[PDB]
Every structure is written in structure tokens, then in C-alpha cells.
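What follows is a set of notes on a single structure, which appears directly below.
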Amino acid sequence: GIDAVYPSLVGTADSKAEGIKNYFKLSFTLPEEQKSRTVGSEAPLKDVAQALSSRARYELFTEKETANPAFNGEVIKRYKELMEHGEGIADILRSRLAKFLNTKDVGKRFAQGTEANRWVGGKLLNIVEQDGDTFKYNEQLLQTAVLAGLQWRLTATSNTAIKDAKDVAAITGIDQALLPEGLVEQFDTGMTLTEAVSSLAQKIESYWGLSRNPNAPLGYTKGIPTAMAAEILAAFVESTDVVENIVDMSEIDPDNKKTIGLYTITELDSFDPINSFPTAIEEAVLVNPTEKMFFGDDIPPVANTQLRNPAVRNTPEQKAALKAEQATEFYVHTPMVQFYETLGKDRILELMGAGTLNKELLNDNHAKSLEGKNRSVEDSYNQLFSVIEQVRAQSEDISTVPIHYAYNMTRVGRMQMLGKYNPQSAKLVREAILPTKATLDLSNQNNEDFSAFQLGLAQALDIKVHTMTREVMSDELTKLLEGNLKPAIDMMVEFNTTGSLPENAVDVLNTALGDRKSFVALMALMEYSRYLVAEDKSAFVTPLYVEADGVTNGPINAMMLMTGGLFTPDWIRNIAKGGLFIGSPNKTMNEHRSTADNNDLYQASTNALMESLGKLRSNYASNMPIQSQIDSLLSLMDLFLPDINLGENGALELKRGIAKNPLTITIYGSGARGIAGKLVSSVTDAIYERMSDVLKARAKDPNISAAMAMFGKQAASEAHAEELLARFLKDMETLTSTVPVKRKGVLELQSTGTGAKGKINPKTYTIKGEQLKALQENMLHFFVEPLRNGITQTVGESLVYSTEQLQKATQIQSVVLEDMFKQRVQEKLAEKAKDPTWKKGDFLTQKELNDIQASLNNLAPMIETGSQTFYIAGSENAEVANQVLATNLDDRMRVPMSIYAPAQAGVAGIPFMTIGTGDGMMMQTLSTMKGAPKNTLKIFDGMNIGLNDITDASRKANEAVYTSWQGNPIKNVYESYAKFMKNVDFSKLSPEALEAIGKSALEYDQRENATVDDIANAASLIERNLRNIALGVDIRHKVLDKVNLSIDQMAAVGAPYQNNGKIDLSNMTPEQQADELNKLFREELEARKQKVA
DNA sequence: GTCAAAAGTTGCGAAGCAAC
């Protein structure tokens, strides 16, 4: 079969043969249904170039009566030129092989019998053919691979994952908190070796259109396509389509010996015709294209498995959710596109980015940051217009072309739109391509339609709409429209009248908006002006939306989902800050914030921090050095952060802002040190930025004083700015030269020796490593520690207990799964080493890996909720195989063999379950529930709704919230841990693993002497803890359901969901309600106790 | 120990350790 297709490849298609064995024929087979149209083609490049030569030929090739109308004259011309470039890449590959065969006589040794086709660096030899005294590439395989490379080169960058600080930390091996400014930026734009080859190889294999032999070693089924990809990347480096940069980590800190390769694809002109249709090759080669836009009723297919978790199938309910979201039609909002176009890329960067950089009128590290910002915006802008260019081809009126987006379920249950820059992920794109739309009657400002319009405009303009009633926000909005924004509104009225903008459009927008500036704010100015010049106000069509947005969503979800003790009055008061109102029929968040409690969860946490800080000050009331250090940290923060304020007489004011990120990531399992690093980071960014201000402050007046050049605005007078500068220098000095240390359970100050001082140079000023670390230690002990105490005090110690038990159970289970998998692999390999047809380098077959995974099912690797599936340990790492998979023909680009297998979970269990059974379950329900809202854009913890359906959609969202609050993630974990506990055998664990388990199940002093029996006993203890927690959560949810509740967690609109519970708890204090609820709790405890018969 | 996906390069010589 396959031999008939590739009859001339070198070697025998029999793993038993004694001579050269061809592992390409042994590893792959032809599918029972064609996947690639090039299979059988003698000259794929020639044949595909032919297909791309005219619309008529493309239609014949793809056996379709119609071709994407974007495939026009100019596009066809570009693809003809791109095909000629494919011949160049093909030519470079041919010379590289010849060079490889000539070097150290590999070709001669291979012809003589040496099995070089089994070397990790010679796997490509499996796709060559004898040619006279040498070997040559099989043209069909080589040319198809090139076609894969061309498509990859055109769209890979638009499908790369975004890299955050943590990612860069993992890659570079540098502490996330001590990363040098710009590093994350440099790494987020380029691709690591693994990233590049992996995506390239995946693409090559799909284009070869064959199927893997389940009984063939991974060293070939995966290694040959990877070997081909490595060569193609090498070819692209020679052609300059890709730039390789090897970043030496030692340059940043001499201990780090890692040299990391980065690959950046050369960008095509933003105006290149190819951008309007960058997927012609993919749609021509594949019978079922992956990359393509979905227009009209061309709908994306539904993914069968969870993203990057092959072993996890999307449940029926998750698939229904994905189908529902992919069904939604998005439409281009022409006015906004025209606005972006008129402004221009240069002015959008100036308005929403860093504008033009004068890399000498701003601090070096600041500039690196600004440059990072412009990039994100510029890339979003080019991406939107590439899409617009293809949409415009679909018809005369671009605003009528329906667009669909593909989604998939992530590891944590979130429905993620696929692609780097889309409406769900990119703010700029979000205001140009929308699914929201409504025709409103705005002829009378007393209409319900006009109220909705106002709500959308207000929210977009940064008015806190969920903190006040509709009537009150209407007045706030009116004030802004008739005041500060008035000049911008006039400019937009003129734009919507003549289509022209002033030369100072950026300045008018900037001044009018102030800190309200955002893309959605531009949409509000755009839409309000359009209504003003509107002909028929009785039927105003607008995509303006209102986002029903969760109020402290993650933290509140965790509180409802994992608090398992009796009800307390503090919890009742705090949970109300998240929209769960007890005994207050039809109460909304708007009313709550304006009449009952103006502090949300962030503020309450901050207020707890303040109290915990005072407590810390007392414990060291006599220690002047300690007090002075605390004063310096607050002084430094008050100097650059807006959320920290210090009055004239010393009064400390802390705004909810400082607790936002910290509370959020604390619910995602973050440690205290990470929070400290981020807090320091925001401080330093402000400093670097202040330095830049000086540079220009002095360029304007070479006589301006340093004090006034650095604090000239933030102060009242000169002697006043002079004392601000005194605070700065002193603070930086004490915070970098002295750090707090935990000795004997007490705080003691230590000299670092690496103090910071000297005449500052606002051009090169840079807080070094040791100094950022000193700053971090001070931040940790004098600010983050008490913040953590306040947070715990706010969300409840019961919740913290649950999350720790959850973390322990899932870590323990992940450690076992990881170790057992590794062991079964070593056992199998040892067994293969006795097989003569097998060789080291080859690995296990896919079937063998499958068997090993299956042997772990009794340890319950998956957590099931009944509508979602979570696999916490699931991952892909190079540690299982611990070997190279393939290299390029120059012996470089050595791609490690990565394998899908369980790995230690760390704290991931908390985020997985919180995010998954919280917002993830809620959105899933909202997409599939009876009367599920249509035409919305869901963004995990918020949903954009069209102005015509804000009331019902918001109510449905709140009902969806209530539905997810019926979940019990701890019970789900318990049922998994329970099966695991009865089948596990800790004795079969490596000492390395057993130790990790002891850290989770025993208290630090019991680890050293801990016997298998000891940890095994402790592990079973955790199981009982989980059972008891699950039982309480379950009871609480049933009890709460009997009471009258009003839920408005997805706030803004003021349409709370009523559970209509019968037990009336109105006219009762939180203490009274807690007592009544606990009575119901105890009642059920007895009922579900002895009587369930 | 923040989730969303992983994660160093290269000579010698043909695996996998040494040097950076």
C-alpha cells in the first residue's frame, strides 16, 4: 500500500530485515479517507502552484464550485511569487542534504550498511532514495513538507501563545520577580526552538496526510516529521525568512549557563495582498483545512478533546457549549473601522500606545516597556485590517458579512477563542468585530431603550455602573457628556458627518478622556456622536454593549464553592459584597453598594491589611529601625502608586486597587513572594517612568532643579518638591541596604552591603538584581505578609483550610501518577533492550504508551463533575524520555523528545478547580441553559450583551451563577482521591517521590523519619478531611436553597436572579440569619445522618 | 510554587556527557 506510493525509498519495510530498514514505511500508513490532496503527487510544488494560478484551477483542484472571493488577481500574483520562493527553500534543503552526505562520509557509510537512518540526527535518511553514487530526497515528501513550511511561515506567528513573566522565568531559569525589563518582551515576540519545530512538524505531518502506525516507535512516527521541520527551520534561517538569536543568560547573571535560541519570523508588509488571504495553500492541500476564516454559515467544527489534553474528551455539555458559541455571528462595525483607518496606525499608537519614541528623552528600561506596549497595539491593528481585507472581498457591504470563531475548552474549563488577536483577546479588535447589535428607539430620552444606551455609554466611559442605580448613573453620564467629553463629542459628530478628523485628533481625544481612555471608550464617543447626527433616531442600529461583569468573581466563587463549616455572620456580610443577598427579595448590586455597603471584597481586604499592619507596628512599637523601615516602604509607595496615600499628619489611606491583583492571584494559589515581586514591579515601573519625565523636564529647561524635575508636578512648591526628593533618595537607600529577615520567628533587620546610592542618571538609572531583591524582601515582610492575613480574614479561614486540603490531595495524587508512569516506562524500555529489532533512541510505540496510561486509571487520574472533566497532572514534558528526538543536518536544533504524561501539580489543583467549577461552569451553563442568551461575547468572568437584551441576559447570567454555586469541587476531588487511596501503594515510590508526598501529608518534623506506613497513614487522613469538607459544602448549598435569595454577581444592569426559596429571612441581621441557617444545617445533618436508611 | 502549553546550545561522533 504505502510501498506502492513510495517504492524507491532506501531500505526494507520490515523491522526484521538485517540490512537498511526504512522506518518511514514502517511508521506510517495511508488513511482510509484522503486527508491531503498531494498524496500521490509527483511534484507537489508544481501541482499546487498550478492550482493557485487561477480561480478556475483552484476550484478544480479542490473539487469545489466556488473559491473564497478574496482569492483575486493581486492575491494570485503574490502566491505565484511565494511558490517560486518555495522552490528556493526546496533548493536549500537539497544542498543541505548533499553537504550532510559528503561530511565525514555519512552517505558512503550508509550505502555500505551503517544504520545512520536510525541516528537521532539521521532520521531524514528514511525519506531519501538512491541516486547514482549518493542519495536524494523523495520529491513528493520534500515538496509537500516545503508547502507546510510556507503556510507555517505565513500564519504561525498569529497562532503563537502569549508569554507572561512566569513563562519567561521557566524558559530562562531566572526568578520571575528579578527578570530584567524587556526580557519578557524579547521572548514573547520570538519562538523557542521547541515552539518553532513543534508547530512546524505538526503541520508537515498533517500535510503528508498519512496516519501513524500504532505499533511503530515514537522515535520515528514523531521523529521523522520533527527531523524534517528542523531542516526547514534551518532552511528559513539561511533564507532570512526566520531570524535566529541565541540569548546568553550568563550575560544577565554569571551563574546561569543557559544559552537560549529564539526564532522570529520576518513580518510581511502590513499591506501585502497575501494578508487578505494567507491560507490558500492550507485550503488547497487539506481536505479539512485547519486555518481559515468562517463566513456566513460556514461553521467551525467542534473539538473532541480538551486543549492540549488528548486524554480528556470534552463532555457532551462542554461540546454543546462550544457549538453554541461557535454558532454566534460576529459583524464588522464599519464606523469604528473607518475611524481606526482615518486616525491611522501612527496616531493609534500615539493615542493608545507609546507614540513615537525619542530613545534619549526617556529612561532605558522605560523605553523597553513602552516599546513593548506599541508592539501589542501595532500587531492588533495589522491583524484586524488583515481580517477586514478578507471580509471586504466577501461582499459590497462588509457590515453584513457574518463571521464565526472557533473555540475550545482549556485545561481549566474555559472557552477560549482560538487565535492570538480576536474579539475575546484583543481590546482593539473587540470594538470593531462584534456579535452584539440592536435597533433602538432613542427618539425619546425617557425610553427604556435610551436608558440601556446610557448604561452602555457610561460603563464604556469608566463610570462604575454596578455601584449606583440606573437613575444615578444617567445623571453622572449626562454631566460627563455635557462637560469634559463635549469637545471630543463635537469632533466625532464632524467625523460622522464628513468622514474627516482634525490634525490634532489625538490631542482632543487625550484631553477629553483623561484616564477614561480605552478602546471601548472610543466606541462610546463614536456611538454617541452617531446617535446625535442620526437621521432616524427611532431605529438606531448599534453594536454598543453592556458587560454583565462578575464582582470579584474568582474570590466569591471560591467562597461559595469551598467554605465547608457552619454559617458565620462575617461570611454573610462578605459574600453579599459579591452579589449573594439573603432575605432581600429583588435586591441588586447597584442598591447594595449605594445603600448597604460601599466596600467590595478588595476594599475589605485592604481595610484588613491596614489593621494587620497596625498590629505589626505594635509588635515592634519600640524598635525604631523596624518602624522606620515600614515608614520608608509606605513613603516610597505613596510616592509612585495611586492606591497608597499619606496625609499631612501621617494618616494612611489605601484604595481597593492595591488588593486587586493580590487577592485575585491568591485565589489562584500564588505564593507571598510572587505577590511581593509584582508589587515591587509596579513601583519600579513608575520610577523608571519618572526618570523619563526628568529627561524632558530638563530638555525644556536646562536649569530646572532635580527636585522639581522629578517631583515638579506631584508637589506644591519648590521647597516642597525638594523634600519629596529627600524622601525618594532616603527610601531607596534604606530599602536596598537593609532588609528584614525571619530569625527565630521574629523580624530582624540585616545589612545587605549592596546599598544603593550615587548621583542618579535619569537615562541609565536601573535598579540592579540584589537591589530589586532587597526591595522585594521589605515588601514581603512589611506589606504582603499583613495583606495575606487581611485576605484570609476576609475570605474566611474555612476557605483557606479547604484550599490547602485540595492542594495536598491533588499534589499527592500527581506525585504518584508522575512516578508510576516514569517507572512503567523504564520497565518497558528495559524490556525492549532485549528485542534485537529495537534500538536505543527509538522509544515506546503509541500503543505501549497508551497501555501505560490505562494501567493508572485505578488511581483515578481524572476528576469528574458530571458535566466537566479535569486532569490536573496532565502535561507534556521532556523528562519522561530524557533524550533528543531529532536535530537538523548540521547537528544543531536538537529537539528534546516531549511526551504526554502526568507531572507534579504543585498548587495547580486550586486554580483548576476554582476556575473550572466557578466561572468555567457558569459560562458553560449560560451557553446551554434553557433560554440561553444569544448574540453575546463571553470573556470568562464577564459577558457582553446587546442593548436590547441586557435585562434577560443578565438575569440568565445570574441564574447561571447560582447553578454553578450548586457545585461541590471538593466532593469531586474526594471521589477521585478515594479510589486513588484504595489502589495506591506508596512503597512502590522512588525516595524522591515519597519525600514530596511527606511534605504534603506530614508536618515538617515528621518527614525525616517517615516510613512508607507513616505517609500512607497521613495520606488517608487527608481523604477523611476531604470527605468532611464535601459533606459540609453539600449541606450548606441545600440549606441556602431553602432560603429566599437574590443573586447579582454578574452586575451592572440590575436584574438579579431570585431562587424563590420559601424560608423568609428578611428583616434579620447577619447574626440572626447565620443562626437560622445553622439550625437548618444541624437539622439536615441529623436527617442525612441516621435516617437515610 | 499563579492557570492558559512546553521551555538551553553545541563538539564529538552517532549516545549522551562535558563545557559554557
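The chains in the C-alpha cells are called A, B, ... from first to last as shown; in each chain the residues are counted from 1, and the ligands are counted from 1 in the order shown.
Omitting segment 687-700 of chain A and its sequence neighbours fewer than 6 positions away, and counting only C-alpha atoms (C1' of nucleotides), the residues within 7 Å are residues 361, 362, 363, 365, 366, 640, 709, 710 and 762 of chain A.
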Legend entry - Per-residue DSSP, segment 559-794 of chain A, filtered to strand (DSSP E or B), as a PyMOL selection string: chain A and resi 580-582+644-646+652-654+738-743+746-751
Any chance you could export the current selection's N, CA and C atoms as a PDB file, in the first residue's frame?
```pdb
ATOM      1  N   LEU A 580     -24.486  37.912  46.553  1.00  0.00           N
ATOM      2  CA  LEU A 580     -25.392  36.903  47.117  1.00  0.00           C
ATOM      3  C   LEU A 580     -26.113  37.566  48.270  1.00  0.00           C
ATOM      4  N   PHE A 581     -27.358  37.965  48.042  1.00  0.00           N
ATOM      5  CA  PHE A 581     -28.136  38.641  49.067  1.00  0.00           C
ATOM      6  C   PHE A 581     -29.161  37.715  49.698  1.00  0.00           C
ATOM      7  N   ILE A 582     -29.119  37.634  51.019  1.00  0.00           N
ATOM      8  CA  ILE A 582     -30.016  36.786  51.785  1.00  0.00           C
ATOM      9  C   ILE A 582     -31.127  37.605  52.443  1.00  0.00           C
ATOM     10  N   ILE A 644      -1.918  54.153  47.292  1.00  0.00           N
ATOM     11  CA  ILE A 644      -1.330  54.382  48.611  1.00  0.00           C
ATOM     12  C   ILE A 644      -1.245  55.896  48.835  1.00  0.00           C
ATOM     13  N   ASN A 645      -1.876  56.376  49.901  1.00  0.00           N
ATOM     14  CA  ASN A 645      -1.877  57.799  50.218  1.00  0.00           C
ATOM     15  C   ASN A 645      -1.491  58.056  51.665  1.00  0.00           C
ATOM     16  N   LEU A 646      -0.712  59.111  51.869  1.00  0.00           N
ATOM     17  CA  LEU A 646      -0.259  59.521  53.196  1.00  0.00           C
ATOM     18  C   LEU A 646      -0.618  60.992  53.380  1.00  0.00           C
ATOM     19  N   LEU A 652      -2.839  57.221  56.986  1.00  0.00           N
ATOM     20  CA  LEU A 652      -2.668  56.298  55.863  1.00  0.00           C
ATOM     21  C   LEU A 652      -3.983  55.920  55.190  1.00  0.00           C
ATOM     22  N   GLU A 653      -4.055  56.124  53.878  1.00  0.00           N
ATOM     23  CA  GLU A 653      -5.247  55.778  53.115  1.00  0.00           C
ATOM     24  C   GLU A 653      -4.852  54.760  52.049  1.00  0.00           C
ATOM     25  N   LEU A 654      -5.562  53.637  51.996  1.00  0.00           N
ATOM     26  CA  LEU A 654      -5.271  52.611  50.999  1.00  0.00           C
ATOM     27  C   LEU A 654      -6.527  52.340  50.175  1.00  0.00           C
ATOM     28  N   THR A 738      19.113  47.675  53.696  1.00  0.00           N
ATOM     29  CA  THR A 738      18.623  46.976  54.880  1.00  0.00           C
ATOM     30  C   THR A 738      17.384  46.162  54.524  1.00  0.00           C
ATOM     31  N   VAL A 739      17.383  44.888  54.896  1.00  0.00           N
ATOM     32  CA  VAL A 739      16.245  44.024  54.602  1.00  0.00           C
ATOM     33  C   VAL A 739      15.804  43.243  55.835  1.00  0.00           C
ATOM     34  N   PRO A 740      14.500  42.948  55.941  1.00  0.00           N
ATOM     35  CA  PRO A 740      14.007  42.199  57.094  1.00  0.00           C
ATOM     36  C   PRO A 740      14.248  40.722  56.878  1.00  0.00           C
ATOM     37  N   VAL A 741      14.492  40.008  57.969  1.00  0.00           N
ATOM     38  CA  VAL A 741      14.731  38.576  57.917  1.00  0.00           C
ATOM     39  C   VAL A 741      14.027  37.892  59.075  1.00  0.00           C
ATOM     40  N   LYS A 742      13.447  36.735  58.787  1.00  0.00           N
ATOM     41  CA  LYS A 742      12.729  35.948  59.776  1.00  0.00           C
ATOM     42  C   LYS A 742      13.717  35.059  60.530  1.00  0.00           C
ATOM     43  N   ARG A 743      14.098  35.480  61.730  1.00  0.00           N
ATOM     44  CA  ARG A 743      15.030  34.707  62.548  1.00  0.00           C
ATOM     45  C   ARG A 743      14.383  34.404  63.891  1.00  0.00           C
ATOM     46  N   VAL A 746      10.915  35.893  64.466  1.00  0.00           N
ATOM     47  CA  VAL A 746      10.850  37.318  64.765  1.00  0.00           C
ATOM     48  C   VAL A 746      11.498  38.079  63.619  1.00  0.00           C
ATOM     49  N   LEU A 747      11.070  39.315  63.406  1.00  0.00           N
ATOM     50  CA  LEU A 747      11.648  40.116  62.340  1.00  0.00           C
ATOM     51  C   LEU A 747      12.864  40.889  62.833  1.00  0.00           C
ATOM     52  N   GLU A 748      13.982  40.712  62.133  1.00  0.00           N
ATOM     53  CA  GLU A 748      15.243  41.378  62.450  1.00  0.00           C
ATOM     54  C   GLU A 748      15.811  41.989  61.174  1.00  0.00           C
ATOM     55  N   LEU A 749      16.326  43.209  61.257  1.00  0.00           N
ATOM     56  CA  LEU A 749      16.900  43.852  60.080  1.00  0.00           C
ATOM     57  C   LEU A 749      18.359  43.432  59.874  1.00  0.00           C
ATOM     58  N   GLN A 750      18.742  43.250  58.611  1.00  0.00           N
ATOM     59  CA  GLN A 750      20.098  42.856  58.232  1.00  0.00           C
ATOM     60  C   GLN A 750      20.652  43.780  57.150  1.00  0.00           C
ATOM     61  N   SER A 751      21.946  44.083  57.213  1.00  0.00           N
ATOM     62  CA  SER A 751      22.562  44.921  56.182  1.00  0.00           C
ATOM     63  C   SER A 751      22.810  44.021  54.977  1.00  0.00           C
TER      64      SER A 751
END
```
Legend entry - Shell around residue 670 of chain A at 10 Å using only C-alpha atoms (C1' of nucleotides), local window under 6 positions removed, as an MDAnalysis selection string: (chainID A and resid 662:664 907:908 910:911) or (chainID B and resid 1:2)
Just to be explicit: take each residue in the selection above, keep N, CA, C and O atoms (P, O5', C5', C4', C3', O3' and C1' of nucleotides), and write the result as a PDB file, in the first residue's frame.
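Here's the written file out.pdb:
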```pdb
ATOM      1  N   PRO A 662      -3.391  41.112  43.997  1.00  0.00           N
ATOM      2  CA  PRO A 662      -3.045  40.217  45.113  1.00  0.00           C
ATOM      3  C   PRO A 662      -4.168  39.285  45.588  1.00  0.00           C
ATOM      4  O   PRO A 662      -3.923  38.111  45.866  1.00  0.00           O
ATOM      5  N   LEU A 663      -5.389  39.794  45.709  1.00  0.00           N
ATOM      6  CA  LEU A 663      -6.491  38.932  46.125  1.00  0.00           C
ATOM      7  C   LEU A 663      -6.739  37.918  45.008  1.00  0.00           C
ATOM      8  O   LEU A 663      -6.881  36.727  45.271  1.00  0.00           O
ATOM      9  N   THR A 664      -6.774  38.411  43.768  1.00  0.00           N
ATOM     10  CA  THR A 664      -7.014  37.580  42.592  1.00  0.00           C
ATOM     11  C   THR A 664      -6.065  36.379  42.475  1.00  0.00           C
ATOM     12  O   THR A 664      -6.511  35.230  42.396  1.00  0.00           O
ATOM     13  N   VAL A 907       0.608  23.653  43.043  1.00  0.00           N
ATOM     14  CA  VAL A 907      -0.606  24.248  43.592  1.00  0.00           C
ATOM     15  C   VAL A 907      -1.732  24.339  42.550  1.00  0.00           C
ATOM     16  O   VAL A 907      -2.840  24.807  42.856  1.00  0.00           O
ATOM     17  N   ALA A 908      -1.442  23.887  41.331  1.00  0.00           N
ATOM     18  CA  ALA A 908      -2.388  23.945  40.218  1.00  0.00           C
ATOM     19  C   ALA A 908      -3.787  23.420  40.525  1.00  0.00           C
ATOM     20  O   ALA A 908      -4.761  23.852  39.912  1.00  0.00           O
ATOM     21  N   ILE A 910      -5.717  24.074  42.915  1.00  0.00           N
ATOM     22  CA  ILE A 910      -6.586  25.157  43.369  1.00  0.00           C
ATOM     23  C   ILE A 910      -7.175  25.934  42.184  1.00  0.00           C
ATOM     24  O   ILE A 910      -8.387  26.067  42.071  1.00  0.00           O
ATOM     25  N   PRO A 911      -6.325  26.446  41.280  1.00  0.00           N
ATOM     26  CA  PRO A 911      -6.817  27.197  40.114  1.00  0.00           C
ATOM     27  C   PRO A 911      -7.722  26.335  39.235  1.00  0.00           C
ATOM     28  O   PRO A 911      -8.793  26.772  38.794  1.00  0.00           O
TER      29      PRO A 911
ATOM     30  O5'  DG B   1       6.504  30.454  46.773  1.00  0.00           O
ATOM     31  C5'  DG B   1       6.672  29.132  46.248  1.00  0.00           C
ATOM     32  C4'  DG B   1       6.264  29.011  44.797  1.00  0.00           C
ATOM     33  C3'  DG B   1       4.812  29.387  44.506  1.00  0.00           C
ATOM     34  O3'  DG B   1       4.722  29.961  43.198  1.00  0.00           O
ATOM     35  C1'  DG B   1       5.142  27.105  43.982  1.00  0.00           C
ATOM     36  P    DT B   2       4.215  31.476  43.027  1.00  0.00           P
ATOM     37  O5'  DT B   2       2.748  31.316  42.450  1.00  0.00           O
ATOM     38  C5'  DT B   2       2.577  30.960  41.096  1.00  0.00           C
ATOM     39  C4'  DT B   2       1.186  30.433  40.860  1.00  0.00           C
ATOM     40  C3'  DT B   2       1.024  30.016  39.406  1.00  0.00           C
ATOM     41  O3'  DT B   2       0.324  28.794  39.264  1.00  0.00           O
ATOM     42  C1'  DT B   2      -0.363  31.932  39.872  1.00  0.00           C
TER      43       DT B   2
END
```
Legend entry - residue 11 of chain B surroundings by only C-alpha atoms (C1' of nucleotides), 12 Å radius, close-in-sequence under 5 positions cut, as a PyMOL selection string: (chain A and resi 890-892) or (chain B and resi 17-20)
Inset, instruction - Please provide the set of residues having any atom within 12 Å of residue 16 of chain B, restricted to only C-alpha atoms (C1' of nucleotides), with same-chain residues fewer than 5 positions apart removed, written as a count of residues only. - result: 6
Legend entry - helix (DSSP H, G or I) per DSSP on the backbone: members of segment 326-355 of chain A, as a count of residues only: 20
Determine, for each residue of chain B having at least one atom at most 7 Å from an atom of chain A, the closest pair of atoms and their separation in Å to one decimal, counting only C-alpha atoms (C1' of nucleotides); order by chain and ascending number, as a tab-separated table.
```
residue	atom	partner	partner_atom	distance
B:1	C1'	A:906	CA	6.1
B:2	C1'	A:670	CA	4.4
B:3	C1'	A:911	CA	6.0
B:5	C1'	A:308	CA	6.9
B:6	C1'	A:877	CA	6.5
B:7	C1'	A:171	CA	4.7
B:8	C1'	A:258	CA	4.9
B:9	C1'	A:259	CA	5.8
B:14	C1'	A:119	CA	6.0
B:20	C1'	A:257	CA	6.1
```
Inset, instruction - Report the distance between atom CA of residue 263 of chain A and atom CA of residue 197 of chain A in Å, rounded to one decimal place. - result: 10.1 Å
Legend entry - Distance query residue 338 of chain A at most 9 Å, only C-alpha atoms (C1' of nucleotides), self and fewer than 5 positions along chain excluded, as a list in words: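 My reading of the contact set: residues 333, 343 and 499 of chain A.
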Inset, instruction - Skip segment 1078-1090 of chain A itself and residues of its chain fewer than 4 positions away, then list as a ChimeraX atom specification all residues within 8 Å of it, counting only C-alpha atoms (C1' of nucleotides). - result: /A:566-567,1035-1036,1039,1074
Please produce an output containing C-alpha atoms for each residue in the selection, written as a CSV table (one decimal), in the first residue's frame.
```csv
chain,number,residue,atom,x,y,z
A,566,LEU,CA,-21.2,26.4,59.8
A,567,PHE,CA,-22.5,29.7,58.6
A,1035,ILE,CA,-25.3,20.7,53.4
A,1036,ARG,CA,-24.7,24.4,53.1
A,1039,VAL,CA,-29.8,24.9,53.2
A,1074,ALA,CA,-26.4,32.8,60.5
```
